[PDB]
Structure formats: structure tokens, C-alpha cells
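K.L.:
Pasting the sequence and an experimental structure:
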Amino acid sequence: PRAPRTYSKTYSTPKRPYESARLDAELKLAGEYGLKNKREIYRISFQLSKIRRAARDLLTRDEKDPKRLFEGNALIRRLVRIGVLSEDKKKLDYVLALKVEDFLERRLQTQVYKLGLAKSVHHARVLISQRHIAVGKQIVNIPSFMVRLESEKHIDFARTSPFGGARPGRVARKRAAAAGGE
Amino acid sequence: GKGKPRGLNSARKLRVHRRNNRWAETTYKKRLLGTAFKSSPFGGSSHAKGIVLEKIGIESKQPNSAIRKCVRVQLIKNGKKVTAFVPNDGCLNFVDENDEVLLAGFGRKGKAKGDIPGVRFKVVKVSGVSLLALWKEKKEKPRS
Amino acid sequence: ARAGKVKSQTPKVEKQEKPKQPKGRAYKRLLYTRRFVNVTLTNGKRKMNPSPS
Amino acid sequence: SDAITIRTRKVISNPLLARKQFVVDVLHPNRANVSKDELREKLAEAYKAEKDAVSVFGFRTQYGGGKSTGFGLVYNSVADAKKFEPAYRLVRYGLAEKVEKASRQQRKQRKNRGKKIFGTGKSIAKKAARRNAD
RNA sequence: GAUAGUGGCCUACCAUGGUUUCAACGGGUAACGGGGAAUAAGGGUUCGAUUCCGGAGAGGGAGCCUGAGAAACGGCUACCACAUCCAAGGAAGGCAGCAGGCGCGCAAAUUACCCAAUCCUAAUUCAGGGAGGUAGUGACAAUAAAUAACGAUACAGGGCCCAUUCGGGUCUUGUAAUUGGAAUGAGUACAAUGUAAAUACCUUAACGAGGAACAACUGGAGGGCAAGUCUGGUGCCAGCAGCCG
Ligand SMILES: [Mg+2]
Ligand SMILES: [Mg+2]
Ligand SMILES: [Mg+2]
Ligand SMILES: [Mg+2]
Ligand SMILES: [Mg+2]
Ligand SMILES: [Mg+2]
Ligand SMILES: [Mg+2]
Ligand SMILES: [Mg+2]
Ligand SMILES: [Mg+2]
Ligand SMILES: [Mg+2]
Ligand SMILES: [Mg+2]
Ligand SMILES: [Mg+2]
Ligand SMILES: [Mg+2]
Ligand SMILES: [Mg+2]
Ligand SMILES: [Mg+2]
Ligand SMILES: [Mg+2]
Ligand SMILES: [Mg+2]
């Protein structure tokens, strides 16, 4: 009889399974951003949709009306923080025009790739999974982390691991050992 | 015009009329009369276990011709006798007389499948093990 | 027996020991390469599984 | 470098329990997990109070090492620590010693058995003896 | 009169009312009510045994004792139903508490550890608590995501300095049981956390990757509907096929 825990399904499947063009688009997207699943894409889409729902609702209310002024503004701020909206477009009307690419071009994946540190997206992903790459001296394991624009300045290798300068570890170490008494 | 009443105080008529009409919608009727419990061999349930009486080959409907390999089953829960199709090429010789079998529906919601006349049920599991598993040779039938 | 004859008849051909497919994100990458990177041999109507005959 | 930069954040002075309570934030660098005893010692050195008048509990590593966050209390005297601190914690520290109960089930059974007799069962014993005999 | 008190609540005398096509009454419910849940343009439709709030019930029906409070069932008395132990005189029962068993079935877990937390009870800081928590089982659902990453050489595609025929290939790509150093947790495991004591997590000494491993399955490839008129077998048979076939 303890208080229930809240779950939420964070993605939504397409309403039509084998829409070929759509499928191809999805594939292309995956290729672009080193996505393990269509599931990731779906998640992103769902997120976008949620935002859109909010925005539309806000629009439906009169402009300069309190609720719109507040909630909508907050949403806009959030978007700007995340780095999906640009400073030109703090508008709420522009929130509807966002599209899936802007969210994917903001993952700790893509960001990692686009700052050096990588050589292709797959490599970056591997690095992320492998516990290389820290943000604010905090090692991030998550490929789809959503880099918060002000933290984007701080993406670097960890103080642990090689690459960012510590003990080589595992394979290199083994090699060294082998070299040692020979 | 339009057959329905429209007036701001009609409401009741709209309700009652709708209720009356609803009975022409078959699914609704089924739900309300409770024909899933009173009739139907499965007691409104997704699956049922039964004991194999005998193995019967059934001749398919027209355009087609082939002996289908079904099984006459008597269900444990009520005692009603039903025909159940045994899917896949071998499989009929996995069954035998006096064997406990798990039957699902066919996939037509009470109606008969394809060309097999009077058969409304699949065979899923014999003596506790999946037919598919047996067929693919992933497990063996642990006698009866 | 009438039942299960065709299966009995068929020659028991064994699966060839192959190099394994790179499962996961790697697989997706491979697929992408096959389709939209290479764009190899395009007829106009771009085919997926062409017959070798 | 071992460093072990210890920090006492969120310091509430509590006269009602004769203690000082705080969030312990400790830095690692290159070293995994600080150990409680060491932390306690450090706290004692910091605060001048005795090592047994210090209590530290509920630690978690930052993820990816580097830091550990936990909770710390420093009592005014050892006596105070003894008479306010939970028994388990004391035992862990090394001050108080383990209470030796049987498994609770056994205790329950014993209680039930006891319930079944009215008064101290010396007369009962005698009855069992004599009656058993004849 | 009775009750804590109001009242046909019951009793005496009297009156003939009360409800109803704006469904009374009766019947059914595979009906506990609600908060809510699933779906999701707007309107709706279906579900709500179940974590909170009400209400009922402790096999069925009665009847009561004690008490501020019970018509209580981990109180009692009886009957009916089912059942134990017996030296046959008698005696004890009530898991819709937790664990567990049998049965029923399409359908559901350990006869585990503890009051440390949450709260509750008592004469009470102390004792008690299968309330509750903690692990065990658990692909109910839900979140995050490993199953490789970057190189060289070796055959092809693409930009082309110029296209007397070449070709260098200056630049970019894919493909080879070619080959190369790097990276890693999945595991293990000193420790230290964690914890009531432990697991596990998070942190980490030590081990831990080269194809035969540290191997991804589940379904499909006529159409609907993404994907073959490839190669064997079968020959209106075996079978497939939700539908057309
Ligand atoms: Mg590390
Ligand atoms: Mg009911
Ligand atoms: Mg209901
Ligand atoms: Mg309910
Ligand atoms: Mg029920
Ligand atoms: Mg019962
Ligand atoms: Mg009772
Ligand atoms: Mg009981
Ligand atoms: Mg009770
Ligand atoms: Mg139980
Ligand atoms: Mg289940
Ligand atoms: Mg419980
Ligand atoms: Mg398990
Ligand atoms: Mg397959
Ligand atoms: Mg098939
Ligand atoms: Mg085939
Ligand atoms: Mg097609």
C-alpha cells in the first residue's frame, strides 16, 4: 500500500508501419547521427510533438493573456537553453517550426563529434559509451545527453582514462608489461 | 428537417433512441447479452486446455483441395467438444489420443479461418510444450 | 503417413558458417552505407535484393 | 597526489541533541572511496573533538569517481554521542557492542510457548514428573 | 414504547394514502461506488478486483458479552455446511493477515532477514508490530542503452591536370578469412562504500577481445505492406494463406 511510482512511455511508434519514404528518411537520419535504433528517432519525435502540443495550446489562447505569457515564455527559455531555438527566434510561433534535426544536432554525441575529439559520429558514440568525455568534470556515459549550450564550452576528455592524460590502462599497460622483462 | 429531434430540451429522446439503435451493432449486442459466457466454447477466454479425443482430417472448401489435419478436442473447463486445427507440415503426428492440448482462437474472432470448414481453433501446446518448438526441433515431447 | 511428407522428403541442407553481421548501431551504419552513401548501381527504380541469374 | 579535500557543507548547530550536523563532501582524486574511519579521524582533527564523538554515514560516490557525498554529525562529548546515536551506528564505530538475540522467529515461538502457560511453570514441571511416573 | 437521540423504528387506535410512460415495480449484471485508467483533432467510446477515499465481509445465517467504540469472528453462543484429535468418555476448529499447500484453471512469487526507516500501540525514549521495510522469485509494464571504434595495404567506383590512345589517380569513396596498435564493460574480484546485517548499485587495486569469440533474436520477402519471378525439393499432395489467394 505504498505510494505508487509514476512511469511514462517516452516514445511513440508510427501510425503506419511500412511507409517506405518515411522509413528511408528515418534510416538517413540514423546514418547522420549514429543512432542505434529507430526507437531513438521516435523518442525525439515524441518530445517534439509534446512541445508542439504545448505551443499550439498557448497560441489558441489570446496573446498578452497571462498563461500564454508565462508558460509559453518558459518553454521558449528552455528551448534556448537547450540550444534548439536560436536567439533570432524567441517567439513561440517559431517553436512550431522546429523539426527533428535540431534535437539530434544537440546530443552529446553530435556535439562531441563537432568539437573535434572524434573523427566521425560512431567514434564519438563509442567514446561516450566507454566513459571517456566529461562535461563539468562529470563523466557522461549517455550518448543522447542534450548539451545545455552554456555547458557546450566545457566538453572535454576525463581526468580518468587515457586521451585526457592518466594511466594508459588494459591493452597499452599489457604491452608495456610485455616489453618490460624482454 | 433531419429525422432526429433537435430542440434544446429533447436530450432524453436522443439518449433513449441511441440506446435502442445500439442493439443493431453486433459487437455491442454480444457484449451486452454476454454471449461470450453463455454460448461460445471458450468461456469468453483467450485460451483453453482440452483432452484429445481423436485426430480427424478435414477436406477444405472449394477452389482448394487438401486434407487439413485437425483434432477433435474436449475442453477441460466445461466439457464442450470442438475441432482444432494443427498448424505446420508434420505436427499432426505430435498429438496422439488422450493428450492434453492448449487451444487458442484462430484469428477471426469466433469465425472460421480460410477454407477449413467448422474449425475455429488452433493447437498451440501439446502435453505442456509448444508445437512450434517441437516443429523447429528445439524441444521434445516428454511422453504422455 | 499422409502427414508431414514434404518435410521428410526434402534434402537436409546445412547452413554455411558465415562471417557474423555487426549487430546494433554498427548494423544500422552498414545499412546506411549500402543505401545512401555508396548509391551503387542505380537503374532509376533503385532495387534492394537483385537476383543473380 | 592523494589530497583528500574534506568539506563540511550545510552546517546546522544542534544544542537539542548536543551535536553539529552537516553534509560531508569529500574529494578523492585518483583514489577510490575514502573509508569511514579515515573520514571520522579527519573530522576529529578538524573539529578538535574526540574521534568517538564523530559520526559519519550514508555515502555515495559521484559517478566516475572524484567525489563522495555523505552525512556527518559531531557530538559535544563522547557521553552525548553514546546517549543520542543509534545503537547500530555505535556498534559499527566500535564503541557499543553487539546485542546477541536469536533469530526473531525463534523469539516469536518462545513467546507463543510462554503464552500457553499461566504463571511460572515450576508446579507444572512437578505435575509432569509425578503424573508421568504414575 | 424503545433508542444515544430523530423517525412506522415498533405497539395501540384512526385515516386511505404513497410510487409510476419525465419508466414506478420486476428482471439481469461475467456491478462494490468514487478518485481515476486506456484511447486521443473536436465531440466521444470502453475499463476502474487493485497502492488514496468511502463501503461492505471474515465458510454460511443468526444471537450476544466486554467496552468510549464491535452486533467484533487472529471474542464468545447456537444451527447449517465442511472438517481435525481421541484411550470413544469427550475435546478443539475458521489464512478474503503473511508465508506455504491442495484444488480450480489460459492465468499469479520465498514456509527468507529486520524493526534501522515509515508510522502505530502500551503503564511507555527502552517493549511489540508478517502494518511496514529488506532482500528472493519476477521479459507485468516503464527509463537508460553493449553487441564494436580508428588505422594502414590489397581490387573496384566517383571528381578529372589533359581527354594525339593510354595514363598518372595528383583528390575522394566502398569492398578483401587481408593485417596493425589503441579503447572498453559483460564478467570476475582485493578493498572501501552501501546496509539493521547483507545483496546489488555507484567507486575501484588485480585479471578480462580478434572471428572458433565476449557469436541477437523475432518475424516476413505476390498484393494489402518494407523486402527475390534466385537455387534445390514437392507436384491441387504435403502444406501456406487474418483477406484476396
Ligand atoms: Mg575508469
Ligand atoms: Mg459482484
Ligand atoms: Mg463499475
Ligand atoms: Mg474500485
Ligand atoms: Mg470479481
Ligand atoms: Mg475461505
Ligand atoms: Mg461475526
Ligand atoms: Mg484468521
Ligand atoms: Mg480483525
Ligand atoms: Mg496468504
Ligand atoms: Mg503472470
Ligand atoms: Mg504486507
Ligand atoms: Mg533474477
Ligand atoms: Mg530467419
Ligand atoms: Mg514463412
Ligand atoms: Mg522462402
Ligand atoms: Mg513491396
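P.N.:
In hand now; what should we look at? Numbering: from 1, shown residues only, chains lettered A, B, ... in the order given. Ligands and ions are numbered 1, 2, ... in the order given.
K.L.:
Run through the residues that contact the most centrally placed residue in chain A.
P.N.:
Closest residue to the average C-alpha location of chain A: residue A:107 at 2.6 Å, with Cα atoms, centre = their mean. Contact partners of residue A:107, counting by Cβ atoms under 8 Å, 6 or more residues apart in numbering or on different chains, are A:33, A:143, A:144, A:145, A:146, A:147. All C-beta atoms are positioned from the backbone trio N, CA, C, and that covers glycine.
K.L.:
So the third one: helix, strand or coil?
P.N.:
Just to be clear, that refers to residue A:144. Applying DSSP: H, G, I helix; E, B strand; the rest coil to residue A:144 yields a three-state assignment of coil.
K.L.:
Based on its surroundings, how many neighbours for it?
P.N.:
Using other Cβ atoms under 10 Å in any protein chain shown, residue A:144 has 19 other residues around it.
K.L.:
Now it: closest residue in space that isn't a chain neighbour?
P.N.:
For residue A:144, ignoring the flanking residues on the chain, the nearest one in space by Cβ to Cβ, 6 or more residues apart in numbering or on different chains is residue A:107 at 4.9 Å.
K.L.:
Which residue is the nearest non-sequential neighbour of residue B:59?
P.N.:
Once flanking residues are discounted, residue B:59 sits nearest to residue B:67: 6.2 Å by Cβ to Cβ, 6+ apart.
K.L.:
So that neighbour sits against residue B:85, correct?
P.N.:
No - using Cβ atoms under 8 Å, residue B:67 is not in contact with residue B:85; the gap is 11.9 Å.
K.L.:
The two: who's more crowded?
P.N.:
Under the criterion of other Cβ under 10 Å, the comparison of residue B:67 against residue B:85 puts residue B:85 first, with 22 against 13.
K.L.:
Could you pull up the residues touching the more buried one?
P.N.:
Contact analysis of residue B:85 by Cβ under 8 Å, 6+ apart lists B:68, B:69, B:70, B:71, B:106, B:113, B:116, B:119, B:121, B:122, B:123.
K.L.:
Nearest to chain D, out of these: which one, please.
P.N.:
Among the contacts of residue B:85, residue B:123 lies closest to chain D (Cβ to the nearest Cβ), at 48.7 Å.
K.L.:
Leaving out sequence neighbours, find the closest residue to the residue nearest to the spatial centre of chain B.
P.N.:
Closest to where the C-alpha atoms of chain B average out (Cα atoms, centre = their mean) is residue B:105, at 3.4 Å. Distances taken as Cβ to Cβ, 6+ apart place residue B:121 nearest to residue B:105, at 6.3 Å, with adjacent residues excluded.
K.L.:
which strand residues sit across from the one you found in the sheet?
P.N.:
residue B:84, residue B:105 (DSSP bridges).
K.L.:
What count of nearby residues applies to it?
P.N.:
Around residue B:121 there are 25 residues (other Cβ under 10 Å).
K.L.:
what sits against the residue in chain D positioned nearest to chain B?
P.N.:
Closest approach between chain D and chain B, counting by Cβ to the nearest Cβ: residue D:105, at 37.0 Å. Counting by Cβ under 8 Å, 6+ apart, residue D:105 makes contact with nothing.
K.L.:
hang on, it is in a strand, isn't it?
P.N.:
No - under three-state DSSP, residue D:105 sits outside any strand and is assigned helix.
K.L.:
separation between it and residue D:111?
P.N.:
11 Å (Cβ to Cβ, to the nearest Å).
K.L.:
Also residue B:46?
P.N.:
Note on residue B:46: its distance to residue D:111, by Cβ to Cβ, is 49 Å.
K.L.:
mind listing the strands for chain D?
P.N.:
Listed in chain order, the strands of chain D (DSSP state E) span D:6-14, D:19-27, D:54-61, D:67-75.
K.L.:
Same check on chain C?
P.N.:
For chain C, strands defined by DSSP E do not occur.
K.L.:
hang on, the earlier thing: next up, phi/psi of the residue nearest to residue B:59, please.
P.N.:
Here is the backbone geometry of residue B:67 (degrees, to the nearest 10): phi -80, psi 120.
K.L.:
so who does it touch?
P.N.:
B:57, B:58, B:59, B:60, C:2.
K.L.:
For those, give me JSON lines that also has secondary structure.
P.N.:
Formatted as JSON lines, the contacts of residue B:67 follow (three-state DSSP):
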{"residue": "B:57", "secondary structure": "coil"}
{"residue": "B:58", "secondary structure": "coil"}
{"residue": "B:59", "secondary structure": "strand"}
{"residue": "B:60", "secondary structure": "coil"}
{"residue": "C:2", "secondary structure": "coil"}
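K.L.:
For the buried ones among those residues, write the corresponding PyMOL selection.
P.N.:
Buried residues among those (16 or more other Cβ atoms under 10 Å in any protein chain shown), as a PyMOL selection:
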select buried, chain B and resi 58
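K.L.:
Just flag the most distant two among the contacts of residue B:67.
P.N.:
The distance between the two most remote of these (Cβ to Cβ) is 14.1 Å, for B:60 and C:2.
K.L.:
coming back round to it: distance-wise, check the residue nearest to residue B:59 relative to chain D.
P.N.:
Look at residue B:67 and chain D: by Cβ to the nearest Cβ, to the nearest Å, they are 64 Å apart.
K.L.:
Residue of chain B closest to chain D, please.
P.N.:
Here the residue of chain B nearest chain D is residue B:128; by Cβ to the nearest Cβ that distance is 37.0 Å.
K.L.:
Burial check on that residue, number of neighbours?
P.N.:
12.
K.L.:
Touching, it and residue B:143? I think so.
P.N.:
No - counting by Cβ under 8 Å, residue B:128 does not reach residue B:143; the two are 10.8 Å apart.
K.L.:
Now the residue nearest to the spatial centre of chain D. Nearest residue, chain neighbours left out?
P.N.:
Nearest residue to the geometric centre of chain D (Cα atoms, centre = their mean): residue D:89, 1.1 Å. Using Cβ to Cβ, 6+ apart and skipping residues adjacent in sequence, the residue nearest residue D:89 is residue D:55, 6.1 Å away.
K.L.:
Show me which parts of the strand or helix carrying residue A:58 are buried, residue by residue.
P.N.:
Assigned by DSSP states H and E, residue A:58 belongs to helix A:38-60. Of the residues in helix A:38-60, A:38, A:40-45, A:47-48, A:51, A:54-55, A:58 count as buried by neighbour count, 16+ other Cβ under 10 Å.
K.L.:
Mind jotting down where the helices sit in the chain?
P.N.:
Assuming you mean chain A. Shown for chain A, the helices assigned by DSSP state H span residues A:20-33, A:38-60, A:66-67, A:73-82, A:101-104, A:108-114, A:121-129, A:171-180.
K.L.:
Actually, chain D is the one I wanted.
P.N.:
Assigned by DSSP H, chain D shows helices spanning D:36-47, D:78-84, D:87-93, D:104-115, D:122-133.
K.L.:
Could you do chain B as well?
P.N.:
Remark: helices assigned in chain B by DSSP H are B:12-22, B:26-33, B:35-38, B:131-135.
K.L.:
returning to that earlier point: is the residue nearest to the centre of chain D in contact with residue D:57, as I believe?
P.N.:
Yes - contact between residue D:89 and residue D:57 holds when scored by Cβ under 8 Å: they sit 6.5 Å apart.
K.L.:
So among the contacts of residue B:85, which ones count as buried?
P.N.:
B:68, B:69, B:70, B:71, B:106, B:116, B:119, B:121, B:122, B:123.
K.L.:
List the contacts of the residue lying closest to the fifth one once chain neighbours are set aside.
P.N.:
When you say that, I think you mean residue B:106. Distances taken as Cβ to Cβ, 6+ apart put residue B:113 closest to residue B:106, at 4.2 Å, once the chain neighbours are dropped. The contact partners of residue B:113, by Cβ under 8 Å, 6+ apart, come to B:85, B:106, B:107, B:119, B:120.
K.L.:
Tell me the one of those nearest residue A:151?
P.N.:
Among the contacts of residue B:113, residue B:107 lies closest to residue A:151 (Cβ to Cβ), at 53.0 Å.
K.L.:
For that closest one, which residues are in contact?
P.N.:
Residues counted as contacts of residue B:107 (Cβ under 8 Å, 6+ apart) are residue B:113.
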